[PDB]
Amino acid sequence: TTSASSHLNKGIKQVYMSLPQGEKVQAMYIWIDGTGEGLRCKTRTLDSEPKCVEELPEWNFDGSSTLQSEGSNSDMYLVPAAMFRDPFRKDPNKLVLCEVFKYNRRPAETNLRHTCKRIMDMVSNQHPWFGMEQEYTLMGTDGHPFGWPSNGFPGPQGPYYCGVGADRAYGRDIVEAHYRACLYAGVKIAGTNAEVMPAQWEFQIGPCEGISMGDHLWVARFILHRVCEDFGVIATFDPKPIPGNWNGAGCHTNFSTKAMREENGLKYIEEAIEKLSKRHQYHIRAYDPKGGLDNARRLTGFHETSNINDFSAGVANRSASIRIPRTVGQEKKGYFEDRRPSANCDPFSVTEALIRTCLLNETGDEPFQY
Amino acid sequence: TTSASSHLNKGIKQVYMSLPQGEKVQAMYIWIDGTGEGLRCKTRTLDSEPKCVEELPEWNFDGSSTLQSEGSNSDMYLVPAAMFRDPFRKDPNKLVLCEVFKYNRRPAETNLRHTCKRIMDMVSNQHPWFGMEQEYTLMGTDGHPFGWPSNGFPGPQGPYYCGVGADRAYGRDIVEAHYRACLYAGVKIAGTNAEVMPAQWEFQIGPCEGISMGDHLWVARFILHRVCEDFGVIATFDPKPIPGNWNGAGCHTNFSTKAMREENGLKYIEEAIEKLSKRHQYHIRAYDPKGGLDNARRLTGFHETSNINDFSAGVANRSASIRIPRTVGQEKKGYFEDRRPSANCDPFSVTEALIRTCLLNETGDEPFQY
Amino acid sequence: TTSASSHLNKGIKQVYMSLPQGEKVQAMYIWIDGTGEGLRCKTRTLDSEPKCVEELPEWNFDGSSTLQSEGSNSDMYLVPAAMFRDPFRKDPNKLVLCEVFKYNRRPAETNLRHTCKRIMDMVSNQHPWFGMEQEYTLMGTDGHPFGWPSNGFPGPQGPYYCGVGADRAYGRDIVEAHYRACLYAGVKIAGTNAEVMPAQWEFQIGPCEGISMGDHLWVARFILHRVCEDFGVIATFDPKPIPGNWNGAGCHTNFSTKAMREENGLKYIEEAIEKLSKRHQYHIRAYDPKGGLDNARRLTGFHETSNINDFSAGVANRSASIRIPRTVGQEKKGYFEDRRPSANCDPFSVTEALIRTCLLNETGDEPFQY
Amino acid sequence: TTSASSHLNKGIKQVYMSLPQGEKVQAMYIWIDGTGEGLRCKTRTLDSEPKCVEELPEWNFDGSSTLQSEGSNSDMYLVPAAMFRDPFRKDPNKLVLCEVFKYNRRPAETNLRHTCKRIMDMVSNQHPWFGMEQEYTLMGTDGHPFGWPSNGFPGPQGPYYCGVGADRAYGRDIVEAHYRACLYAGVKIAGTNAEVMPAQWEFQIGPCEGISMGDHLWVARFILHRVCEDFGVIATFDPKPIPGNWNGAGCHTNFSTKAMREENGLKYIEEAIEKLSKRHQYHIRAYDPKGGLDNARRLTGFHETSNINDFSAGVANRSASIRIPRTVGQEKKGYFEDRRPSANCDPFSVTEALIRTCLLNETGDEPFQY
Amino acid sequence: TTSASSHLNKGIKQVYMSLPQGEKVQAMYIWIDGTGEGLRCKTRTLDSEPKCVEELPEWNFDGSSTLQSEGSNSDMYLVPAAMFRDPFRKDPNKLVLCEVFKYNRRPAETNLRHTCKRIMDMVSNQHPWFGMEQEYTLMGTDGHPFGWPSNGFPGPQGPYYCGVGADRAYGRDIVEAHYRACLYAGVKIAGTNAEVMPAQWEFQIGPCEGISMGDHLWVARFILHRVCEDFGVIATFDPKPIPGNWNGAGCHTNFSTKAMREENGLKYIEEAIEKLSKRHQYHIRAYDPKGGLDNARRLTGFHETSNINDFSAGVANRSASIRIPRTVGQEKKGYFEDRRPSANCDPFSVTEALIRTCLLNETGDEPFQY
Ligand SMILES: [Mg+2]
Ligand SMILES: [Mg+2]
Ligand SMILES: [Mg+2]
Ligand SMILES: [Mg+2]
Ligand SMILES: [Mg+2]
């Protein structure tokens, strides 16, 4: 059920990691591969500790091995974008999130941060804030959810949501380790809780301003993957890992601007929702790496989910595409929540689509070029 | 016999937890679900360490997932009530016990603290003190008591009560960890001992004044559940886990007021016992989440238990519904013990019933409204 | 799958190693055996900590037991050459790399450092720099790659290159321990990454000047072997451990001189490549302990490999024998990479061949004597 | 999951059973113990093979060991009632079903055949026929249904009813062996099928005339118990072995007389149903060894069950207390089915109650004495 | 990997089944459930051995448990259609294939034999013959192909087609037992062979005239399911059990009439192929229980498969929709092969579609009514 490498003696590794480092510094480069969902990592040595991301040098990798290029010139380039403290090796080591460029210096197909940053720069004065709730499921190496009976199912749902106990919460050690690691690294993690389906968990990232939302979410995903690798289990972001009566995984997003946060911002909130109501198909396309095929299995209308083909909104409505918190309605200001995005969505795409539809008043089936 | 998540490497978790936290603080919210017996937990990040429970903000959760609401408006609200140090994450993190309210700000069905607080406030000048002895049994994940032979039984009772040795005490590590964690968290734990049935233990909480007794007992139960989850076993509060000659689990309660603690308080103790003798059915109803069905399996009159259908009292009588300690009788003052409450009772209900019957002189089959 | 000695309790060993050492110092002597691939080690006690390699004494060993001599006089002598901090015993203990000599003080057959040092001394003023990328595969004690299914294969290649996750990276603990140990010991390790074939990794050593490259690479190999022994697995440098579609292991080498590193050094780089193009067979002979038989299984022309029988070169060409980085071509200066050397090559031989062909303008089928 | 004795080598047992017997004959006496649910067996040697049940001698046993007597005179007596061929030892050995009498020759409290025989004799000229469908569940020695995931559940119901395949039918070998053994012994077994709940099966007995129905059903139950003992599993007749959404077990009974079977017997069927409609509580009391408490867990009104508190009848109605098959309604003659009896019912009690209510026109809350 | 019930002792079952039966006879009724893919079975006792299928009585079952009806009248009826010898219980026991009818005697939705029989009767004078090659895969109870490495893959395809040896053929015991059982029962089995993908096999049925083809194929499928259940494995007819480079499963069908079999029948074969070329979508719809979705995963145009979207035909072409054997072309008479049908097809649907298109000259998107 667990990987072979997880059965090695970890005391030896701790003893080795207790050695003083010296004066060299390790930096780990992270980037998104050609599938648009996976991550790749790489390590290099630095003479001294960098103080800002601008001080890190550029690097490169073979694109033909990551399904990002082919032919005689498959080399690609990594440009640092964000820097965080390394929780697996501690200070002064660093984690670096990088953008991918082709040999001719054009952004790669899956490099969606390049356009998102430019779009965000156009509405900086409005100070858009974001918050996302990432749900995921822990799986064993055999493809079965962690802690489930062999070739079987646990009891019916109901006792696992926010549950406590050896028979209600599965793999809380991973959750605690991930929370502490994210706090140490500097990620803006807001909370966690156990979900309805056993072995399914959730963590919230935010509030984040502008482009930092995607950086924080991607770094959190990478940290979760590394922690699960340490424990020997697999973390999956599939929107519907188990068919049937079991719950799916979503990536609900909170959105607000300076106008909405101010008293009587409910008018702007309703204006934004009205604008969003006319681009349901476009947003559904932008909320899935596969263009919407994956989210179809999740958004069926059953359980507390909204149908994929229909748009709806309301106040304190958990079955609607867009939900307005009751507190926001009472205090006529705040934010609104979008419940459509899938668990394996790309935050850059979601934020860019929201900004384009709500603030830039874009219309049609394609994005503007500016 | 043990949960799958208990077989993960705990050294890795310790290494992760050794990381310095920084400046953010974690707070865990705890509340009672719709069954009136289980507990639910949730974590969020705070900007700075709170100094008093009044500084914590409110929160909310989906009531339809905890069998506490249904329909279009299932949102519920959590209001902090008590704060304790977190023993699983250490300082400056906190544990928070919260009350549950409906979307219209009315207390939920299982929110019994709301009325208990007012009832206690009505008689604050008398300074009522409480003390409860919680008994529980450790179980494996297969439903069999921890340490018992597979599909079998241990030797007859007699050597296990307060026993020491590998063949007499089962799971003392859980007991020691729970004791130390409760002491660290600030819970008013008074002692522990092994019980007659193997794998059955007990801990005493008190003396506590007024409403604090329920808070302390609930927090102790939550800590026990978390510790057992860490070790991979299950702690059950069922009054009669194993049918037959094996002992049940009770929640004996001690009660006294300022008058009873002074000289010649035995007169007031006897008056209170006489008052209690006329509301046996009411108290039996109030001493069980199921209205008394569960306690029927325990209170059969055999062993050192009193019959459910008959009320009795005496001095140094272990088979009576109410017992007066011999020392109290000799010194004409002190307290008296109620042996009726079941292991899975709700402390708020028990304390409220005792206060209503003994101090407010209430009568009838229903509580007063005031 | 793991060695028996790896199942011993390592906590006991750590407890023993925690004892204070005192005033004596341990020194470990390392030398290359008669096969030209393996390493041998030996420990002795010293009165005080040596400050430089010149202070260490000479030693000896029985050559008949290492396939390095035979007959009546099989004794051999060890002469210290380089000193490093000991990462397995920490300071003040040391690691010592030694040369092997016969009973008559003539260098042994596998002692290639003797000639390499003189050759490097002949061209010291030009300041040649080197950099090598060592690839290796982790194997179980049963001869199967670590983490692979029993008598089976993992999924097709593509997700493992620079992968993260319990199902994409095998044995990262060994890699982390080796990296930290190399950093502590003073080896000039530059980076690491996961390779295309699962359970295959690599690390980069450099830049190193002159003879130090071989010392650093050999010490890194020894440290890797010791770490893998601690974890209970085997590290193999075979160029083609698994036949079929799975990738082989190489030892790509970077080379540059003072002239090449200055402005318009591309001219000298091209001249060196032109010189190299005429000694393909000689270099292939010098790049393999077996004379080229082992490298035949790797250099087949398929995948990202060049054919053994044909020489080629180009800019940003990963299928050529010699590759010129695109950045170097753009900035008309830098270094060039040789992709022919096998994983189990001897760094001294490779560096000596490169120096002889490029700087000394040697020709013919045999090396010059001077 | 299986018995320890089931792990003994069975080839040895077969070799021993291959020995020729000789002249002596083995007879196994079977009787119902004091719980009214279990069976007890006992073997003795006979000089020659008996041809009729009248040739067998009487026997006795200690009643204090079977909860059927106590005190100074606890000896009970066995009187043979029916004889069958022995399928476990083959011819000429026999199985004998016996009645239990007290030391003073009065029938035992659990001996219901004594009165049932007289009641049947009173109405012999009407030729009442009976048929019963016995449902049961196969369980492991650990208390979990055979073949279910450990501490878990299989998939939802729907594919297991009359299913075929390794993932749809559990323990078919027991069913096949029991069928063949019943056919060999002479029991009037009519068919079998897999039931809705996995590991749940069913077999039909009949048509049987008068008192032979109970004898045949009891012998079939004993044979099933012996076969399951041979295989190492447990057969349980509990009406609701698994709480929740899983189906219970019933003992539906068929009934008809000579008048009903003739042309236009539907009139008599309707008269009998009308009579039965006024003794629902009496029949519920008679259909359960515990007086109706066990059947309460099954007859909840959900699934294909009727409510215990209400009586209903109809044609081709599977949710009613009494069902008239559609073919019977079309042809105006045949039988009707009673779906109330529990799986662990006593056939003698059921048949006696049906005869008393339908043919003898008895009324009131107690049986007549005659 | 294998079922729990497969671990029960089988010598006990053989001993029980060695008992002489007697006069009564067992008959097993078989029918197709509401999914159109699965089978259900049921056993009853008969007084004497039936000689022809006309002597067997009708039966019934609850349709609400097989997804074939719902509501107040869910009772269905079984009408015997074909009879075979029982290989699991031997003579004189029988297997009975039955048709399903609703409570009003209308055929069920999945009862396709009713219309197929009439269609065959309309063209009886032309003597159509059929033959099918059923492919299947053996799976363990964990969902992985039988004999494959745990969480892994075997070597690449190429040595498994018609292979012999412990490392090339998996589960040949099931194949041998199924062959012998089919021969005993009277099924017209023509041969078997191991397929390209390891653990994949195939058997051929035919030549069969008219309606008997479907009966024979269904009985063979049932026998295979029972044998696999005996061995504890699962046989799956999924057209693409393993995604990727592994071969799918098909049900290639042969077809010919009296005119085609005569001299110069190639003209009629070509006419039939020309007719078939214009109803590709109709036949694709008729060749899959799901209307063509399952076959989409198989007919991708790669390997020895044709594209689902295109129709093609040729002589000795394995990549075409229709193949004319080279021997048939040389001899100018014989048959042609249709390679489109899926492995989980319904033979009645396939044969009916072929007859309607080729002999009745039907056109359009719907079948005629006659
Ligand atoms: Mg959530
Ligand atoms: Mg006690
Ligand atoms: Mg490489
Ligand atoms: Mg039934
Ligand atoms: Mg084939």
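Residues numbered from 1 in each chain as written, not as in the entry; some residues may be left out. Chains lettered and ligands numbered in written order. Part of a larger assembly, values for the part shown. Heavy atoms only, no water.

Enquirer: Looking at this structure, I do not really get helix α1 (residues 10-17) of chain B. What am I missing?
Expert: Helical geometry: 3.6 residues make up each α-helical turn, so side chains three or four residues apart lie on a common side. Here α1(B) has its buried residues at B:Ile12, B:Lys13, B:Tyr16 and B:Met17. Buried positions in α1(B), seen along its axis, are confined to an arc of 135° and lie on one side of it. The inward-facing, buried residues of α1(B) contact α1 (10-17), α3 (172-185) and α4 (212-231) of chain A together with α4 (212-231) of chain B. The N-cap of α1(B), judged by a side-chain oxygen 3.1 Å from the amide nitrogen of B:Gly11 a few residues on, is B:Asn9. (Buried < 20%, exposed > 50% of the residue type's maximum accessible area, 1.4 Å probe, protein only. Helix = DSSP H or I, 4+ residues; strand = E, 2+ residues; numbered from the N terminus. Arc of directions from axis to C-beta. Contact = heavy atoms within 4.5 Å. Polar contact = N/O pair within 3.5 Å; in protein donor to acceptor, adjacent residues only side chain to side chain.)

Enquirer: Just to check I follow, could you spell out the coordination of the magnesium ion (ligand 3) for this structure?
Expert: As a benchmark, a tetrahedral metal site with four donors has ideal angles of 109.5 degrees, while an octahedral site with six donors has ideal angles of 90 or 180 degrees. Here the magnesium ion (ligand 3) is held by the protein donor atoms C:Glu195 (OE) and C:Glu202 (OE), which lie 2.1 to 2.2 Å from it. Residue class for C:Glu202 comes out buried when judged on its relative accessible area of 5%. (Donors = N, O, S within 2.8 Å, 3.2 Å for Na, K, Ca; no water.)

Enquirer: Is there a simple way to explain the coordination of the magnesium ion (ligand 4) in this structure?
Expert: Coordination of the magnesium ion (ligand 4) by the protein involves D:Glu135 (OE), D:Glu195 (OE) and D:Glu202 (OE), with metal-donor separations of 2.2 to 2.6 Å. Here the donor residues for the magnesium ion (ligand 4) map to a single chain with the spacing E-x59-E-x6-E.

Enquirer: What's the story with the sheet that holds strand β4 (residues 75-85) of chain C in this structure? I'm lost.
Expert: Pairing between the strands of a sheet comes from backbone hydrogen bonds, and it takes one of two forms, parallel or antiparallel. All names here are of chain C. The 5 strands lie next to each other as β2-β1-β5-β4-β3, forming an open sheet whose pairing is mixed. Only two strands of the sheet have a single neighbouring strand rather than two, namely β2 (39-46) and β3 (59-62). Across this sheet, the average inter-strand angle for adjacent strands is 40°, counted without regard to direction. Taken together, the 4 bridges between strand β1 (residues 25-32) and strand β5 (residues 94-101) define a ladder with parallel strand orientation. For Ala-27, the partnering residue across the bridge sits in β5 and is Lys-94. (Pairing = 2+ DSSP bridges. Axes fitted to C-alpha atoms, helices over the stretch in contact; angles between N-to-C directions.)

Enquirer: Where do I start with the interface of chain D and chain A in this structure?
Expert: Where interface size is given, it is often the accessible area lost as the parts come together that is meant. With 7 residues of chain D at the contact, the number on the chain A side is 7 residues. Buried surface at the junction of chain D and chain A, summed over both partners, amounts to about 360 Å²; 66% is from carbon and sulfur atoms. The tally of links from chain D across to chain A stands at 0 salt bridges. (Buried area = accessible area lost by both parts, 1.4 Å probe. Salt bridge = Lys/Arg side-chain N within 4 Å of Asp/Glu carboxyl O.)

Enquirer: Is there a simple way to think about the UniProt feature "binding site: ATP" in chain A in this case?
Expert: Residue and element names in this part refer to chain A. UniProt tags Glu-133, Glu-202, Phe-203, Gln-204, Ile-205, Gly-206, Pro-207, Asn-254, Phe-255, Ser-256, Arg-318 and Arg-323 as "binding site: ATP". Relative to the helices and strands, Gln-204 resides in strand β8 (residues 200-209). Apart from the residues within four sequence positions on either side, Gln-204 is in contact with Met-132, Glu-133, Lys-188, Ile-189, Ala-190, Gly-191, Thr-192 and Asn-193. Mapped onto the fold, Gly-206 is located in strand β8. Overall, the relative accessible area of 14% leaves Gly-206 in the buried class. Sequence-distant contacts of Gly-206, that is, excluding residues within four places in its chain, are made with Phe-130, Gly-131, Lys-188 and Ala-190. (UniProt positions renumbered as here; feature names shortened; annotations may be inferred.)

Enquirer: I would appreciate a short explanation of the relation of the copies chain B and chain A in the present structure.
Expert: Both copies of the chain are placed relative to one another by a rotation about an axis and a shift along it. Each copy superposes on the other: chain B lies on chain A with an RMSD of 0.1 Å after a rotation of 72° and an axial shift of 0.0 Å. Each copy turns onto its partner about a five-fold axis. Relative to the rotation axis, the closest C-alpha in chain B is found at B:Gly11, a distance of 6.5 Å. Mapped onto chain A, only 2% of the interface residues of chain B again fall at the interface, so the copies present different surfaces. (Least-squares fit on C-alpha atoms.)

Enquirer: Hey, could you run me through the UniProt feature "binding site: ADP" in chain A in this one?
Expert: Residue and element names in this part refer to chain A. As recorded in UniProt, the sites labelled "binding site: ADP" are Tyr-335, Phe-336 and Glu-337. Relative to the helices and strands, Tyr-335 is located in the loop between α9 (326-330) and β13 (336-338). Beyond its immediate sequence surroundings of up to four residues, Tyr-335 is in contact with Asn-254, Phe-255, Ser-256, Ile-269, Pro-325 and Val-328. Examined against the element boundaries, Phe-336 turns out to sit in strand β13. With relative accessibility at 1%, the residue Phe-336 sits in the buried group. Apart from the residues lying within four places of it in its own chain, the contact partners of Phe-336 are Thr-253, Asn-254, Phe-255, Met-260, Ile-269, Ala-272, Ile-273, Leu-276, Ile-322, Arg-323 and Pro-325.

Enquirer: Before we go on, may I ask you to explain the nonpolar core in this structure?
Expert: Grouped burial of nonpolar side chains is what soluble globular proteins tend to show. Counting residues in hydrophobic clusters, the biggest one holds 79 residues, and the most contacted among them are A:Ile174, A:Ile205, A:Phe222, A:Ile223, A:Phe255 and A:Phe336. The biggest single contributor to this core is α4(A), with 11 residues. Ignoring sequence-local partners within four residues, the contact set of A:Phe222 consists of A:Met28, A:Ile30, A:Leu39, A:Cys41, A:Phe88, A:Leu95 and C:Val164. (Core = buried A, V, L, I, M, F, W, Y, C linked by side-chain atoms within 4.5 Å.)

Enquirer: Can you walk me through the interface of chain B and chain A in this structure?
Expert: Between chain B and chain A, the contact holds 46 residues from the first and 45 residues from the second. With its nearest N and O atoms 3.6 Å apart, the salt bridge here joins A:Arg318 to B:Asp62. On inspection of chain B and its partner chain A, the count reaches 17 residue pairs in polar contact. Those elements giving two or more residues to the side of chain B that touches chain A turn out to be α1, β1 (25-32), β2 (39-46), β3 (59-62), β4 (75-85) and α4 of chain B. With 7 residues, the single largest contributor to the side of chain B that touches chain A is β2(B). Pairing of strand β7 (residues 189-194) of chain A with β2(B) involves 2 bridges; the strand directions are antiparallel. What sits directly across from A:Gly191, in β2(B), is B:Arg44.

Enquirer: Just checking my understanding: could you explain a nonpolar patch on the surface for this structure?
Expert: Residues and elements named next belong to chain D. On the surface, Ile-12, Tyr-16, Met-17 and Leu-19 cluster together into a nonpolar patch covering about 460 Å² of accessible area. Turning to its location among the elements, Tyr-16 is positioned in helix α1 (residues 10-17). The exposure class of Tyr-16 is exposed, given its relative accessible area of 57%. (Patch = residues over 30% accessible without salt bridge, like charges linked within 9 Å, V, L, I, M, F, W, Y side chains within 5 Å. Areas by Shrake-Rupley, 256 points an atom, 1.4 Å probe, with all protein chains shown as cover.)

Enquirer: Mind showing me how you'd approach the environment of A:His303 here?
Expert: Its place among the elements puts A:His303 in the loop between α8 (293-298) and β11 (313-315). The sequence separation of A:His303 and A:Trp246 amounts to 57 residues, and the corresponding C-alpha distance is 9.3 Å.

Enquirer: Even after reading the chapter, I still don't get unusual backbone geometry, so can you show me in this structure?
Expert: Most peptide bonds are trans, and most residues other than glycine sit at a negative phi. Here the amide bond leading from A:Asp91 into A:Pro92 is cis, since omega sits at 0°, within 30 degrees of zero. Relative to the elements of secondary structure, A:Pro92 occurs in the loop between β4 (75-85) and β5 (94-101). Cis geometry is adopted by the peptide bond preceding B:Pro207, which originates at B:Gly206 and carries an omega value of 0°. Within the element layout of this structure, B:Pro207 appears in strand β8 (residues 200-209). Of note in the backbone geometry, D:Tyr370 takes a positive phi value of approximately 55° without being a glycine. Summarising the element assignment, D:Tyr370 is placed in the segment after α10 (347-358). For D:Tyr370, a relative accessible area of 55% puts it in the exposed group.

Enquirer: What exactly am I supposed to notice about the relation of the copies chain D and chain A here?
Expert: Expressed as a screw transformation, the operator carrying chain D onto chain A has a rotation angle of 180° and an axial translation of 0.0 Å, and the superposed copies differ by an RMSD of 0.1 Å. Here the transformation between the copies is reduced to the relation of a two-fold axis. Judged by C-alpha distance, D:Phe153 is the residue of chain D that lies nearest the rotation axis, at 2.6 Å. Comparing interface residues between copies, 100% of those in chain D also sit at the interface in chain A, which points to an isologous, same-surface contact.

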